Amino acid sequence: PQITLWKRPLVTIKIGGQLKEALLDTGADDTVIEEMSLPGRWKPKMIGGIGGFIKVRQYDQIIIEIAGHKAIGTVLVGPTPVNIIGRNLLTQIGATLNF
Amino acid sequence: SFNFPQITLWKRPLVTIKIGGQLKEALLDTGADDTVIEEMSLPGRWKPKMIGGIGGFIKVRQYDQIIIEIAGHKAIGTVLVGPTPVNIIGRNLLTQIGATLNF
Ligand SMILES: CC(C)(C)NC(=O)[C@@H]1C[C@@H]2CCCC[C@@H]2CN1C[C@@H](O)[C@H](Cc1ccccc1)NC(=O)[C@H](CC(N)=O)NC(=O)c1ccc2ccccc2n1
Ligand SMILES: [Cl-]
Ligand SMILES: [Cl-]
Ligand code: NA
């Protein structure tokens, strides 16, 4: 529960009944997962980053387990090359940046 | 929430940096391998490189051993310069300033 940043801060998450690897990403506003199905309603969204924008599906009130911590929040699903846990869920597991 | 900007990540972890004598705002970014800054002049030689983010790849200029102050902490390391929408401090420099992620 202290993470060095000598390497990418990857953790195991559980989402939609599936285990995935994801990056703990303080530079991301949003949580973005590679294509998968999630239950309930969704709406389209455009999100941007270094290269431009991608279109994703926004699912609200999704439960996720991050390095064994349960949280709930919005999850975006779409063609990201890496699963990223952004600040909307990092706050829910109590993550902090310290220096 | 808690202070800089902030620790608990309820707001973007933005800080002031100083590079080539100029102050800029930048984001502390554990998800970024590299540090990427908007167009500016830096000394010395550079080499080109393509870096990828969420949307695709951009071309940037790699400058090595650049002096940069990050929220008052001195670092000397590699800076990539190019059309990034936000100035990014990545793990190459977060480790120099002793940043850690805790949960
Ligand atoms: C900076 C660089 C070295 C290229 N690294 C990266 O970009 C890696 C690439 C990885 C593979 C692709 C999937 C994401 C990961 C993590 N990212 C870091 C990652 O932290 C990246 C850094 C960043 C921040 C702001 C603007 C641009 C880029 N964040 C993001 O990609 C998130 C995605 C999101 N919507 O949550 N972007 C934002 O949170 C965000 C915020 C403000 C913005 C203003 C204008 C335009 C775009 C903006 N995007
Ligand atoms: Cl949320
Ligand atoms: Cl470096
Ligand atoms: Na929902």
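When a ligand or atom number is given, it counts from 1 through the structure's own listing order. Residue numbers begin at 1 in each chain, while the letters A, B, ... track the order of the sequences. Values below: every heavy atom of this structure, side chains too, minus hydrogens, waters and symmetry copies.
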Is there a side-chain contact between B:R61 and B:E39, using heavy atoms and a 4.5 Å cut-off?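 A side-chain contact exists here, since the closest heavy-atom pair is under 4.5 Å.
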Side chains of B:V81 and B:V60: closer than 4.5 Å at any heavy-atom pair?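 Not in contact.
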Distance alone, cut at 3.5 Å: any donor-acceptor contact between the side chains of A:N98 and B:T100?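 Judged by distance alone, the side chains do not pair up.
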With sequence neighbours excluded, what pairs up with [X] under the salt bridge (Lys or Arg N to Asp or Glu O under 4.0 Å) test?
| X | result |
| --- | --- |
| A:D30 | none |
| B:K47 | B:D64 |
| B:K24 | B:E38 |

With a cut-off of 3.0 Å, which protein N/O/S atoms are close to the Na ion (ligand 4), if we only count those under it?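 Near the Na ion (ligand 4), the protein supplies A:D60 O.
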